[PDB]
file final-v7.pdb (PDB, C-alpha atoms and all ligand atoms)
ATOM      1  CA  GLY A   1     170.051 110.240  52.269  1.00  0.00           C
ATOM      2  CA  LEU A   2     169.652 106.567  53.198  1.00  0.00           C
ATOM      3  CA  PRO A   3     172.944 106.000  55.134  1.00  0.00           C
ATOM      4  CA  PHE A   4     175.148 103.033  54.214  1.00  0.00           C
ATOM      5  CA  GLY A   5     175.207 101.836  57.805  1.00  0.00           C
ATOM      6  CA  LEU A   6     179.006 101.699  57.579  1.00  0.00           C
ATOM      7  CA  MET A   7     180.566 105.164  57.456  1.00  0.00           C
ATOM      8  CA  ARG A   8     180.332 107.305  54.346  1.00  0.00           C
ATOM      9  CA  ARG A   9     183.004 107.062  51.666  1.00  0.00           C
ATOM     10  CA  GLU A  10     183.822 108.818  48.439  1.00  0.00           C
ATOM     11  CA  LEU A  11     186.435 108.090  45.826  1.00  0.00           C
ATOM     12  CA  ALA A  12     187.379 110.005  42.693  1.00  0.00           C
ATOM     13  CA  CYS A  13     189.723 109.450  39.777  1.00  0.00           C
ATOM     14  CA  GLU A  14     192.856 111.593  39.839  1.00  0.00           C
ATOM     15  CA  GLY A  15     192.394 114.876  37.989  1.00  0.00           C
ATOM     16  CA  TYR A  16     188.615 115.109  38.518  1.00  0.00           C
ATOM     17  CA  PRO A  17     186.867 116.917  41.428  1.00  0.00           C
ATOM     18  CA  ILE A  18     185.273 115.044  44.345  1.00  0.00           C
ATOM     19  CA  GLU A  19     182.009 115.803  46.185  1.00  0.00           C
ATOM     20  CA  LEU A  20     181.062 115.207  49.800  1.00  0.00           C
ATOM     21  CA  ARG A  21     177.620 115.920  51.262  1.00  0.00           C
ATOM     22  CA  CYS A  22     176.050 115.245  54.650  1.00  0.00           C
ATOM     23  CA  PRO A  23     172.302 114.649  55.199  1.00  0.00           C
ATOM     24  CA  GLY A  24     170.064 117.169  56.945  1.00  0.00           C
ATOM     25  CA  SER A  25     172.000 119.597  59.137  1.00  0.00           C
ATOM     26  CA  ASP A  26     174.870 117.225  59.789  1.00  0.00           C
ATOM     27  CA  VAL A  27     178.439 118.173  59.020  1.00  0.00           C
ATOM     28  CA  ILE A  28     181.181 116.189  57.341  1.00  0.00           C
ATOM     29  CA  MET A  29     183.813 114.852  59.678  1.00  0.00           C
ATOM     30  CA  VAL A  30     186.811 113.459  57.851  1.00  0.00           C
ATOM     31  CA  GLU A  31     188.057 110.330  59.624  1.00  0.00           C
ATOM     32  CA  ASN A  32     190.572 108.944  57.149  1.00  0.00           C
ATOM     33  CA  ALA A  33     191.679 109.570  53.572  1.00  0.00           C
ATOM     34  CA  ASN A  34     194.617 109.025  51.241  1.00  0.00           C
ATOM     35  CA  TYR A  35     195.795 110.328  47.879  1.00  0.00           C
ATOM     36  CA  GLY A  36     197.563 107.840  45.627  1.00  0.00           C
ATOM     37  CA  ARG A  37     196.991 104.342  44.274  1.00  0.00           C
ATOM     38  CA  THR A  38     196.478 101.094  46.170  1.00  0.00           C
ATOM     39  CA  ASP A  39     194.378  99.315  43.596  1.00  0.00           C
ATOM     40  CA  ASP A  40     194.468  98.724  39.849  1.00  0.00           C
ATOM     41  CA  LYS A  41     190.722  98.145  39.568  1.00  0.00           C
ATOM     42  CA  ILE A  42     189.681 101.709  40.355  1.00  0.00           C
ATOM     43  CA  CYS A  43     189.446 104.394  37.691  1.00  0.00           C
ATOM     44  CA  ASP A  44     190.388 102.241  34.705  1.00  0.00           C
ATOM     45  CA  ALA A  45     193.213 103.976  32.809  1.00  0.00           C
ATOM     46  CA  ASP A  46     196.359 102.974  30.912  1.00  0.00           C
ATOM     47  CA  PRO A  47     197.836  99.741  32.371  1.00  0.00           C
ATOM     48  CA  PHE A  48     201.273 101.348  32.737  1.00  0.00           C
ATOM     49  CA  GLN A  49     199.779 103.929  35.055  1.00  0.00           C
ATOM     50  CA  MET A  50     197.726 101.288  36.849  1.00  0.00           C
ATOM     51  CA  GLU A  51     200.627  98.889  37.419  1.00  0.00           C
ATOM     52  CA  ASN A  52     201.748 100.374  40.749  1.00  0.00           C
ATOM     53  CA  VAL A  53     199.193  99.525  43.428  1.00  0.00           C
ATOM     54  CA  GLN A  54     201.310 100.941  46.259  1.00  0.00           C
ATOM     55  CA  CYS A  55     201.232 104.722  46.688  1.00  0.00           C
ATOM     56  CA  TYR A  56     200.142 106.521  49.884  1.00  0.00           C
ATOM     57  CA  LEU A  57     200.022 110.141  51.019  1.00  0.00           C
ATOM     58  CA  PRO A  58     199.172 110.733  54.717  1.00  0.00           C
ATOM     59  CA  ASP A  59     198.917 114.535  54.341  1.00  0.00           C
ATOM     60  CA  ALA A  60     196.042 113.879  51.953  1.00  0.00           C
ATOM     61  CA  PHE A  61     193.979 113.414  55.122  1.00  0.00           C
ATOM     62  CA  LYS A  62     194.772 116.816  56.610  1.00  0.00           C
ATOM     63  CA  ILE A  63     193.918 118.563  53.353  1.00  0.00           C
ATOM     64  CA  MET A  64     190.448 117.029  53.108  1.00  0.00           C
ATOM     65  CA  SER A  65     189.798 117.334  56.819  1.00  0.00           C
ATOM     66  CA  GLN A  66     190.439 121.074  56.798  1.00  0.00           C
ATOM     67  CA  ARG A  67     188.375 121.465  53.647  1.00  0.00           C
ATOM     68  CA  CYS A  68     185.354 119.325  54.658  1.00  0.00           C
ATOM     69  CA  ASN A  69     185.462 119.269  58.473  1.00  0.00           C
ATOM     70  CA  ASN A  70     182.403 120.890  60.066  1.00  0.00           C
ATOM     71  CA  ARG A  71     180.880 121.503  56.630  1.00  0.00           C
ATOM     72  CA  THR A  72     177.682 120.093  55.194  1.00  0.00           C
ATOM     73  CA  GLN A  73     179.302 119.781  51.756  1.00  0.00           C
ATOM     74  CA  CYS A  74     182.757 120.254  50.223  1.00  0.00           C
ATOM     75  CA  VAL A  75     184.430 119.996  46.808  1.00  0.00           C
ATOM     76  CA  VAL A  76     188.108 119.342  46.209  1.00  0.00           C
ATOM     77  CA  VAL A  77     190.245 118.679  43.174  1.00  0.00           C
ATOM     78  CA  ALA A  78     191.514 115.117  43.431  1.00  0.00           C
ATOM     79  CA  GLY A  79     194.725 116.268  41.795  1.00  0.00           C
ATOM     80  CA  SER A  80     196.156 119.500  40.455  1.00  0.00           C
ATOM     81  CA  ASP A  81     197.850 121.821  42.928  1.00  0.00           C
ATOM     82  CA  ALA A  82     195.330 120.586  45.512  1.00  0.00           C
ATOM     83  CA  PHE A  83     197.390 117.450  46.091  1.00  0.00           C
ATOM     84  CA  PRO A  84     201.199 116.963  46.081  1.00  0.00           C
ATOM     85  CA  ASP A  85     202.712 114.073  44.120  1.00  0.00           C
ATOM     86  CA  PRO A  86     203.500 110.815  45.962  1.00  0.00           C
ATOM     87  CA  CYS A  87     203.816 108.817  42.751  1.00  0.00           C
ATOM     88  CA  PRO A  88     204.211 110.418  39.297  1.00  0.00           C
ATOM     89  CA  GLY A  89     203.677 108.496  36.070  1.00  0.00           C
ATOM     90  CA  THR A  90     200.868 106.561  37.757  1.00  0.00           C
ATOM     91  CA  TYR A  91     197.094 107.084  37.676  1.00  0.00           C
ATOM     92  CA  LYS A  92     196.245 108.162  41.213  1.00  0.00           C
ATOM     93  CA  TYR A  93     193.031 108.693  43.135  1.00  0.00           C
ATOM     94  CA  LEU A  94     191.554 110.010  46.349  1.00  0.00           C
ATOM     95  CA  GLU A  95     189.650 107.982  48.920  1.00  0.00           C
ATOM     96  CA  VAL A  96     187.972 109.709  51.847  1.00  0.00           C
ATOM     97  CA  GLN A  97     186.058 108.066  54.664  1.00  0.00           C
ATOM     98  CA  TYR A  98     183.924 110.233  56.923  1.00  0.00           C
ATOM     99  CA  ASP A  99     180.812 110.421  59.081  1.00  0.00           C
ATOM    100  CA  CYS A 100     178.011 112.995  59.237  1.00  0.00           C
ATOM    101  CA  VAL A 101     177.212 114.479  62.621  1.00  0.00           C
ATOM    102  CA  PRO A 102     174.728 117.210  63.674  1.00  0.00           C
ATOM    103  CA  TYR A 103     176.002 120.787  63.521  1.00  0.00           C
ATOM    104  CA  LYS A 104     174.864 121.183  67.138  1.00  0.00           C
ATOM    105  CA  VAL A 105     172.759 118.731  69.149  1.00  0.00           C
ATOM    106  CA  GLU A 106     169.966 116.377  68.064  1.00  0.00           C
TER     107      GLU A 106
HETATM  108  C1  LIG A 201     184.655 121.699  64.319  1.00  0.00           C
HETATM  109  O1  LIG A 201     183.943 122.265  65.395  1.00  0.00           O
HETATM  110  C2  LIG A 201     184.399 121.794  66.684  1.00  0.00           C
HETATM  111  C3  LIG A 201     183.540 122.463  67.751  1.00  0.00           C
HETATM  112  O2  LIG A 201     183.390 123.869  67.499  1.00  0.00           O
HETATM  113  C4  LIG A 201     185.872 122.098  66.869  1.00  0.00           C
HETATM  114  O3  LIG A 201     186.322 121.562  68.120  1.00  0.00           O
HETATM  115  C5  LIG A 201     186.652 121.490  65.737  1.00  0.00           C
HETATM  116  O4  LIG A 201     188.046 121.812  65.865  1.00  0.00           O
HETATM  117  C6  LIG A 201     186.123 122.022  64.431  1.00  0.00           C
HETATM  118  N1  LIG A 201     186.867 121.424  63.315  1.00  0.00           N
HETATM  119  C7  LIG A 201     188.140 121.763  63.120  1.00  0.00           C
HETATM  120  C8  LIG A 201     188.865 121.117  61.968  1.00  0.00           C
HETATM  121  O5  LIG A 201     188.731 122.565  63.842  1.00  0.00           O
END
call {"tool": "encode", "arguments": {"input": "final-v7.pdb", "output": "C-alpha cells", "more": "lines below"}}
Ligand SMILES: *[C@@H]1O[C@H](CO)[C@@H](O)[C@H](O)[C@H]1NC(C)=O
result
Amino acid sequence: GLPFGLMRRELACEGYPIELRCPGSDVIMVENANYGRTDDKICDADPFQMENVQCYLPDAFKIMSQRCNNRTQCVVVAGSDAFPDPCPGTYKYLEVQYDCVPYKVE
C-alpha cells in the first residue's frame, strides 16, 4: 500500500526470485523492464562481475509482461532458465517498472 507517487518498481539480484504485488483489486501492468547490468552499485558481488555496467536485454520486458500483466501478483526467477544470457561472467539483475490499475472499473 502507500503508492510511491512515481510508478512502482522492483529490482532483484540475479539468481534470486522477484515479487510484484498490486494494491486492492488492481492488476500489474508491466511498462518497462530489463535483464542485465547497468550499475555496479546494485546487488554487491565480486568486483570482476560488477565491472561491466553495460548489459541490456529487451526481451526481458516481454517475459515479465506476459507473466505479470493483468495479475495482482507475480513471481519470476531473475535468472535461471527464466532469462537468457546477455552477458555471462557478470553479476546481472532484473529491473521492472510497472503501474497498478483496477481489474475492471473504479
Ligand atoms: C489484459 O486485459 C486487457 C483487457 O482484457 C487485454 O486487452 C490485454 O491484452 C490483457 N493483457 C495482455 C498481456 O494481453
call {"tool": "axis_aligned_box", "arguments": {"input": "final-v7.pdb", "around": "ligand LIG 201 (chain A)", "padding_each_side": "3 Å", "output": "lines of an AutoDock Vina configuration file"}}
result
center_x = 186.1
center_y = 122.5
center_z = 65.0
size_x = 11.5
size_y = 8.8
size_z = 12.2
call {"tool": "closest_residue", "arguments": {"input": "final-v7.pdb", "among": "A:68, A:101, A:50, A:74", "to": "residue 14 of chain A", "atoms": "all atoms listed in the file"}}
result
A:50
call {"tool": "residues_near_ligand", "arguments": {"input": "final-v7.pdb", "ligand": "ligand LIG 201 (chain A)", "cutoff": "9 Å", "atoms": "all atoms listed in the file", "output": "number ranges by chain"}}
result
A: 27, 29-30, 65-71, 103-104
call {"tool": "atom_distance", "arguments": {"input": "final-v7.pdb", "atom1": "atom CA of residue 82 of chain A", "atom2": "atom CA of residue 97 of chain A"}}
result
18.1 Å
call {"tool": "residues_around", "arguments": {"input": "final-v7.pdb", "residues": "residue 48 of chain A", "least_positions_apart": "2", "cutoff": "10 Å", "atoms": "only C-alpha atoms", "output": "number ranges by chain"}}
result
A: 45-46, 50-52, 89-91
call {"tool": "resolve_selection", "arguments": {"input": "final-v7.pdb", "expression": "the PyMOL selection byres (((chain A and resi 43) around 12) and not hetatm)", "output": "ChimeraX atom specification"}}
result
/A:11-16,36-42,44-47,49-50,90-95
call {"tool": "closest_atom_pairs", "arguments": {"input": "final-v7.pdb", "of": "segment 38-104 of chain A", "to": "segment 5-9 of chain A", "cutoff": "7 Å", "atoms": "only C-alpha atoms", "output": "CSV"}}
result
residue,atom,partner,partner_atom,distance
A:96,CA,A:9,CA,5.6
A:97,CA,A:9,CA,4.4
A:98,CA,A:8,CA,5.3
A:99,CA,A:7,CA,5.5
call {"tool": "atom_distance", "arguments": {"input": "final-v7.pdb", "atom1": "atom CA of residue 87 of chain A", "atom2": "atom CA of residue 59 of chain A"}}
result
13.8 Å
call {"tool": "resolve_selection", "arguments": {"input": "final-v7.pdb", "expression": "the PyMOL selection byres (((chain A and resi 77) around 8) and not hetatm)", "output": "PyMOL selection string"}}
result
chain A and resi 15-18+75-76+78-80+82-83
call {"tool": "write_last_selection", "arguments": {"input": "final-v7.pdb", "atoms": "C-alpha atoms", "output": "tab-separated table (two decimals), in the frame of the given file"}}
result
chain	number	residue	atom	x	y	z
A	15	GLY	CA	192.39	114.88	37.99
A	16	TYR	CA	188.62	115.11	38.52
A	17	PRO	CA	186.87	116.92	41.43
A	18	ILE	CA	185.27	115.04	44.34
A	75	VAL	CA	184.43	120.00	46.81
A	76	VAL	CA	188.11	119.34	46.21
A	78	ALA	CA	191.51	115.12	43.43
A	79	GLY	CA	194.72	116.27	41.80
A	80	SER	CA	196.16	119.50	40.46
A	82	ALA	CA	195.33	120.59	45.51
A	83	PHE	CA	197.39	117.45	46.09
call {"tool": "residues_near_point", "arguments": {"input": "final-v7.pdb", "point": "(170.0, 110.8, 50.4)", "cutoff": "12 Å", "atoms": "only C-alpha atoms", "output": "list in words"}}
result
residues 1, 2, 3, 4, 8, 20, 21, 22, 23 and 24 of chain A
call {"tool": "atom_distance", "arguments": {"input": "final-v7.pdb", "atom1": "atom CA of residue 73 of chain A", "atom2": "atom CA of residue 57 of chain A"}}
result
22.9 Å
call {"tool": "decode", "arguments": {"input": "final-v7.pdb", "residues": "segment 9-41 of chain A", "atoms": "N, CA and C atoms", "output": "mmCIF file, in the first residue's frame"}}
result
data_model
loop_
_atom_site.group_PDB
_atom_site.id
_atom_site.type_symbol
_atom_site.label_atom_id
_atom_site.label_comp_id
_atom_site.auth_asym_id
_atom_site.auth_seq_id
_atom_site.Cartn_x
_atom_site.Cartn_y
_atom_site.Cartn_z
ATOM 1 N N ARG A 9 8.259 0.038 -8.841
ATOM 2 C CA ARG A 9 9.455 -0.565 -9.409
ATOM 3 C C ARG A 9 10.070 -1.587 -8.477
ATOM 4 N N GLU A 10 10.475 -2.702 -9.058
ATOM 5 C CA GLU A 10 11.110 -3.755 -8.293
ATOM 6 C C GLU A 10 12.400 -4.177 -8.965
ATOM 7 N N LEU A 11 13.379 -4.518 -8.151
ATOM 8 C CA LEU A 11 14.661 -4.954 -8.664
ATOM 9 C C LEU A 11 15.150 -6.126 -7.825
ATOM 10 N N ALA A 12 15.773 -7.104 -8.459
ATOM 11 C CA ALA A 12 16.249 -8.265 -7.724
ATOM 12 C C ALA A 12 17.580 -8.760 -8.266
ATOM 13 N N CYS A 13 18.434 -9.203 -7.356
ATOM 14 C CA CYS A 13 19.753 -9.691 -7.719
ATOM 15 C C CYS A 13 19.658 -10.979 -8.530
ATOM 16 N N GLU A 14 20.440 -11.046 -9.604
ATOM 17 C CA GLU A 14 20.433 -12.218 -10.468
ATOM 18 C C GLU A 14 20.531 -13.507 -9.660
ATOM 19 N N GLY A 15 19.694 -14.473 -10.024
ATOM 20 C CA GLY A 15 19.695 -15.776 -9.370
ATOM 21 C C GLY A 15 18.640 -15.906 -8.272
ATOM 22 N N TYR A 16 18.089 -14.792 -7.791
ATOM 23 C CA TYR A 16 17.061 -14.855 -6.757
ATOM 24 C C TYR A 16 15.709 -14.505 -7.382
ATOM 25 N N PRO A 17 14.616 -14.941 -6.811
ATOM 26 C CA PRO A 17 13.270 -14.641 -7.375
ATOM 27 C C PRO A 17 12.810 -13.223 -7.045
ATOM 28 N N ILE A 18 11.933 -12.675 -7.884
ATOM 29 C CA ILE A 18 11.426 -11.315 -7.679
ATOM 30 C C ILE A 18 9.916 -11.350 -7.425
ATOM 31 N N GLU A 19 9.410 -10.374 -6.656
ATOM 32 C CA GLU A 19 7.981 -10.352 -6.332
ATOM 33 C C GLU A 19 7.318 -9.022 -6.664
ATOM 34 N N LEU A 20 6.191 -9.116 -7.359
ATOM 35 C CA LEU A 20 5.415 -7.942 -7.720
ATOM 36 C C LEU A 20 4.007 -8.093 -7.154
ATOM 37 N N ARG A 21 3.478 -7.025 -6.569
ATOM 38 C CA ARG A 21 2.133 -7.074 -5.998
ATOM 39 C C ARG A 21 1.435 -5.726 -6.147
ATOM 40 N N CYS A 22 0.178 -5.773 -6.573
ATOM 41 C CA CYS A 22 -0.606 -4.558 -6.750
ATOM 42 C C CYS A 22 -1.596 -4.399 -5.599
ATOM 43 N N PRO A 23 -1.863 -3.189 -5.189
ATOM 44 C CA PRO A 23 -2.816 -2.925 -4.074
ATOM 45 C C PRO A 23 -4.261 -3.216 -4.461
ATOM 46 N N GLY A 24 -5.082 -3.495 -3.459
ATOM 47 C CA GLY A 24 -6.501 -3.747 -3.684
ATOM 48 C C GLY A 24 -6.748 -4.760 -4.800
ATOM 49 N N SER A 25 -7.652 -4.394 -5.703
ATOM 50 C CA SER A 25 -8.022 -5.251 -6.827
ATOM 51 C C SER A 25 -7.371 -4.785 -8.120
ATOM 52 N N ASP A 26 -6.280 -4.043 -8.010
ATOM 53 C CA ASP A 26 -5.588 -3.585 -9.191
ATOM 54 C C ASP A 26 -4.763 -4.721 -9.761
ATOM 55 N N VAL A 27 -4.320 -4.559 -10.992
ATOM 56 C CA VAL A 27 -3.518 -5.580 -11.634
ATOM 57 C C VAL A 27 -2.217 -4.975 -12.134
ATOM 58 N N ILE A 28 -1.161 -5.763 -12.081
ATOM 59 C CA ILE A 28 0.143 -5.300 -12.525
ATOM 60 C C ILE A 28 0.156 -5.084 -14.026
ATOM 61 N N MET A 29 0.736 -3.971 -14.441
ATOM 62 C CA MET A 29 0.835 -3.681 -15.853
ATOM 63 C C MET A 29 2.272 -3.272 -16.146
ATOM 64 N N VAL A 30 3.031 -4.245 -16.629
ATOM 65 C CA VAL A 30 4.439 -4.034 -16.924
ATOM 66 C C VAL A 30 4.608 -2.963 -18.000
ATOM 67 N N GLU A 31 5.354 -1.910 -17.667
ATOM 68 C CA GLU A 31 5.600 -0.825 -18.608
ATOM 69 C C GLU A 31 6.970 -1.008 -19.245
ATOM 70 N N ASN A 32 7.988 -1.188 -18.409
ATOM 71 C CA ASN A 32 9.340 -1.375 -18.907
ATOM 72 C C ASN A 32 10.155 -2.224 -17.938
ATOM 73 N N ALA A 33 11.111 -2.967 -18.482
ATOM 74 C CA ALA A 33 11.958 -3.829 -17.670
ATOM 75 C C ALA A 33 13.139 -4.325 -18.491
ATOM 76 N N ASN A 34 14.228 -4.651 -17.809
ATOM 77 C CA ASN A 34 15.423 -5.128 -18.489
ATOM 78 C C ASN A 34 16.190 -6.110 -17.615
ATOM 79 N N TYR A 35 16.819 -7.093 -18.246
ATOM 80 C CA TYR A 35 17.602 -8.079 -17.519
ATOM 81 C C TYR A 35 19.066 -7.928 -17.906
ATOM 82 N N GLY A 36 19.911 -7.605 -16.937
ATOM 83 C CA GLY A 36 21.325 -7.409 -17.238
ATOM 84 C C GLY A 36 22.018 -6.641 -16.120
ATOM 85 N N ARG A 37 22.895 -5.722 -16.512
ATOM 86 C CA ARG A 37 23.633 -4.917 -15.547
ATOM 87 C C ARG A 37 23.998 -3.554 -16.121
ATOM 88 N N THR A 38 23.508 -2.506 -15.467
ATOM 89 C CA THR A 38 23.762 -1.141 -15.914
ATOM 90 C C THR A 38 24.330 -0.317 -14.774
ATOM 91 N N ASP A 39 24.574 -0.988 -13.663
ATOM 92 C CA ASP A 39 25.107 -0.333 -12.487
ATOM 93 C C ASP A 39 26.012 -1.293 -11.728
ATOM 94 N N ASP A 40 26.971 -0.750 -10.991
ATOM 95 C CA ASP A 40 27.863 -1.591 -10.204
ATOM 96 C C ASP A 40 27.575 -1.407 -8.719
ATOM 97 N N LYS A 41 26.537 -0.628 -8.416
ATOM 98 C CA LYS A 41 26.179 -0.360 -7.027
ATOM 99 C C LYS A 41 24.959 -1.152 -6.588
#
